[PDB]
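This document contains two forms of one protein chain, each encoded as C-alpha cells and listed individually as structure 1 and structure 2.
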Structure 1
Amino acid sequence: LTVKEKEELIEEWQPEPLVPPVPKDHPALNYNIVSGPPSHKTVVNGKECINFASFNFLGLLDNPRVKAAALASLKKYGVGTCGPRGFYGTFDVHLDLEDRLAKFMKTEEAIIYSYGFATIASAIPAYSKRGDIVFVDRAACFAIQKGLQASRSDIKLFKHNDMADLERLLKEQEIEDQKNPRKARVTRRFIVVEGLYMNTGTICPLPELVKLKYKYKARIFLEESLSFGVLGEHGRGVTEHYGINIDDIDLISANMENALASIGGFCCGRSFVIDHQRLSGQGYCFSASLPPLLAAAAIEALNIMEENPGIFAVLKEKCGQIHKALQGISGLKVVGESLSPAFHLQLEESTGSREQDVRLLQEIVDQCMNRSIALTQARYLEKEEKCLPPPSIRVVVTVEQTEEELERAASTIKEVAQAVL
C-alpha cells in the first residue's frame, strides 16, 4: 500500500548525471580551424594547403557569377525570412527555383526543404506508416536511418549491391502474403536505395532493380545526394547514367550542398506524390523557410550547368587518373570505382582494435598537412549505427585541380604511407 512514511522515505533516490565524462583521448574533441574561405587553396591552422576534402565538385563556390547573383538578392530581400512558408514565408525566388529544378530533372514537380539532413529524414515517414515493410541497401547513410526509425514499420536489410539477396528477401514476403490474403491487401512495400553511396562509394545496379519492381509490386525511393550534378552527360543524376526513364523511379531526393554549393535540399517527383509533403512533411511546414540569398545562388549555379554540359567530361577524366595512380601503395587499399569521386582509402590488414586503428590514420593525415595536402578521415557515431564502416581516409577530387597537382597528390601520399605503416 506504501503509506505516507514509506513514500517520503523512498525519496533518497538519486539519478545518473546528465552527461558522462568524455575522456581527453577522444579523437573528435579537436576541431580544425580554417581561416578564410575553404576554397581550393585553403589555410588550415596557418598552413597554405591544397584541399582534397571539401565537396564542391564543380567549384561554383568561388565563382564570380554565383557571388554576383546572390548579392543582388540580398539587396532587395534582406537576409532572413520570417515565417514558415505557409504564413507569408514564400518569397517568390522559392517559386522560381522549384519550377526550375523540375525542368532540369525533367519531372513534373519539386519541393524545397531548407536543410540537407531533413529532406529525407522527413520524406520517408510521410509515406511509410506502421503496417509496412521497407527493404534497405544496408550501406545507407545516416539520414536514411533516422527517417526509417521515425516511420515506424518493419525494416529488412539486404546485403550490399546484390539483387540475389534482394530477391531472396522479397520471395518470403509473397509467402507471408498468401498465408493471410486478407491483410496482404492493406500493406505497401518500399525499396529504399541510393546511387553512389557515401560509405561504400559504388553505384547500385539500377536497370535490374527496376525490372524487379514490376514483378514484386514495390516502390522505389532513390536518394542521390552525391550523384546529382556529377554523373551523366548532362549531369542529370544516375538515371541518365544508365538510360532509365524517370517515370519509373518514384521519389528522388538530393541536396543542394555538394554540386550546387548552397544550403538545403530538394526532392523531385510526380505531382501525385510530391503534393503530400506540404502538409504532412514534418520538416517542411513546422520550420522557417530558406533565406532568399541562398535560393538565388542556386538558380545561378543551375544556369552554369546548362551553359556547358562539358564540365561533366572533365570531372570524369580528372577522377579517372587519381584512381589509377593509387593502386600500388603498400599498407592501405582503394575502395570505389573509377567514375566515382570520393573513393575513400581504407586500411588493409587492420592492427587489431578501432581506437588503435583510428590512431594509425591520424598520423598519416597529420603528416600530410605539413607537406601541402589537406585531407580528413570519415567520422561516424559508433553506437547509433546499423552497420559500422571501417576507418578510412576520404579523398575528394574537384574540377579546379590539375594533372600536375593530382600526381603530386598520389606521390606524396605513397611517400608517407609506408613510413607509418
Structure 2
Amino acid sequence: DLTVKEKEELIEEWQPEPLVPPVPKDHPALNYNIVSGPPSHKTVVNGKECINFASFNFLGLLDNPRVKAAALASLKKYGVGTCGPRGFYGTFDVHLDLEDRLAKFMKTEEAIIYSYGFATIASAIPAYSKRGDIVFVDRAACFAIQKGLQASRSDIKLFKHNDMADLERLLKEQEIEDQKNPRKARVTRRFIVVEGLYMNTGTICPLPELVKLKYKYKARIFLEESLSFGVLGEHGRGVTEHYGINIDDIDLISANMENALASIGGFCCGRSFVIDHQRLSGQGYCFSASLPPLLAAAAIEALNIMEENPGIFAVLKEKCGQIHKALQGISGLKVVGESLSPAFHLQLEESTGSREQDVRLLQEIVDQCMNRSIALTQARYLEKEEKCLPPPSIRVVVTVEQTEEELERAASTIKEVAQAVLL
C-alpha cells in the first residue's frame, strides 16, 4: 500500500503555515514606552518628567541608600551571578541566611526561595496536585495560577468571585460522588487555591469563613498573598495577621520579592512536612540557576528595614484610603477595588461596544495625563489565552513616597481629562 511514488508525490504537495501570523490589524500595544533612568518617584517617561502611579514598590526601598549599600558589599565579595543550579555548587551562604530569615519573619517553620517571581507558583501547584485530583479555584485568579493549574493535569472546577455559597454548593456536589464510589474517593486529594488581595479586581478574600470549609470537607488551602505581603496587617505579614487567623491552618503561602521587597525572586513558606518535598520536585528550582547573591543581600536588608520600623504600614494604608475617596464622582469611570488595597482599578462605565474601542478610549486619558505630570498605565492581558478575561481598566498604584498634595493633584488632574473625553 502507498508505493514509493505516491509517498513522494504526497511530500512535494504539503504546505505548512508560516511560523508567525501576519499582522491582521494594528495592535493596541507594540509601543513600549521607554523610561530614561530608574523608575523612581520622579521618573522620566518618553522624554517627559512626570510622577509615576504605575510602579509596584509600595514601600519605596528601590532608591533607599541603606539597601544599595547592602547590595554593593555582597557584589564586591561574590561576583554577579552564580554558576550552578543550587544542587551543583550553586547554593551560597547568603541563600541559607535569607531562607532562615524569611521563616522567622512569617513565624512559619521553613521557607524556600526561587529565582523568578512567575515560576514560584507555577512550579509549586503541579508538585502536589496530580492526575486524579480535584482543585477548586477562584474565578479571578492571576495568570501564574492558571499556568500552574494547567501544568498539573488535574480536574479544575472554578467558582464565582468571593461567594462562599457557590463554593459550598460546588463542594456538596463532590461529596455526593463519594457515596457513588467509596473506594475511589479515598485516593483523591482536594485543594482550594485562593489568592489574597486579587490583583485583577483589587478585592480581599474572606478567610474566616473559608477555614471552616476546610475542616468540614477535608480540603487543603493554597494561599497566594503576593500582593498583600508587606502591606496588610499591623506588622506587614499579610492577610492572616489582618484577620487574626492562626498561621498553621493555611498549609502553604506563596509570594514574591518583586513588589514590596523591590528585588527579584519568589518564595514559599509553610510547615517542614510540606516544603521539603518540592526541593526535589519543583521544576523551576531543580533545573535552573540560583538567585544571584547581590539580589538576596538586597532582600535581607529590606526585611531588616521592615522589621525595625513597623509603623510604615499604617502610613501606607492611611494615604491608600485617601485617594480612594477623592476618585468618587468621575463621570464615566467607576472605582473597582477595596478601600484598603494599594493597587485598585478604574473601569469604564457604560461600555461603548467592542473591546478595541474601550482600549483606545482609555489610552486617550493615559496619553493626555502624561502631558501634565501623572504617569499611569493600563492593565495588559493575553486576550486569546486566558480563562476569564477582565474588562479594560487603568491601574492606580499608591506608595509611601507620594505626599498628600501630590495625591490631590493627581486626583484633580485625572478628573479634568475624564470629563472631557468620555463626554
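Numbers given to residues start at 1 and step along the sequence of structure 1. Between two forms, the rigid core is the largest collection of C-alphas that superpose within 1.5 Å. Only residues modelled in both forms are compared.
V19 is not among the residues whose C-alpha shifts by 2 Å or more between the two structures once the rigid core is aligned; its shift stays under 2 Å. Relative to the superposed rigid core, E8 shifts its CA by 3.1 Å between the two structures.
On the core-superposed pair, the CA position of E337 changes by 1.1 Å between the two structures. Mapped along the sequence, displacements between the two structures of 2 angstroms or more at every C-alpha, sustained over at least 3 residues after core alignment, occur at 1-11, 22-24.
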